[PDB]
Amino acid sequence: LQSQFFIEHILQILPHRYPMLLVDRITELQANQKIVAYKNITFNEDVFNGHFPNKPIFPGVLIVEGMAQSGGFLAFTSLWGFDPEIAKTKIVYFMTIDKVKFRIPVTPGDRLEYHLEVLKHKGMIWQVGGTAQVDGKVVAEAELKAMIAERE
């Protein structure tokens, strides 16, 4: 398993697609321990047409979704390594989300960095927690438990 993955590899692992694939690159990855990835934020995103007019703010809930997708990638690769064929048959689902705090608004031009760490994992159940960061500052924090389920 490698520690750097680009959009080409992310597409083979996650089932998410436009406009809900919110992870552009993975810069760090340690099986069963953690992942550091990021998503660039540009004004050229449909979401900003409505959030908000003349005041582009990346939705806090989408920041969380981004953290979870990172967590999902970590959970899957920790178990099966980089396996596109099997990834194609699994899908990660949100079971819970706790302790979410928004500290700083995210705006176009920002590099939304996801920092997730494994709090607990047994089989298909994974509990991850971490933060979203912009140039070293914590813009958000969150904890969530996900499940690796069958796609079919």
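The numbering used is simple: start at 1 and walk along the sequence shown. By rigid core we mean the largest C-alpha set that fits within 1.5 Å across both forms.
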item	value
Greater Cα displacement in 7 other deposited structures of this protein once the core is superposed, comparing 60-68 with 84-92	84-92
Between 104-112 and 89-97 (mean CA B-factor, as deposited), the higher	89-97
Stretch with the greater mean C-alpha B-factor as recorded in the entry, comparing 123-131 against 41-49	123-131
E143 - which third its CA temperature factor falls in, relative to the rest of the chain	highest
Third of chain Cα B-factors occupied by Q33	middle
B-factor third for the C-alpha atom of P59 within its chain	lowest
Among modelled residues of the same chain, the CA temperature factor third for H16	lowest
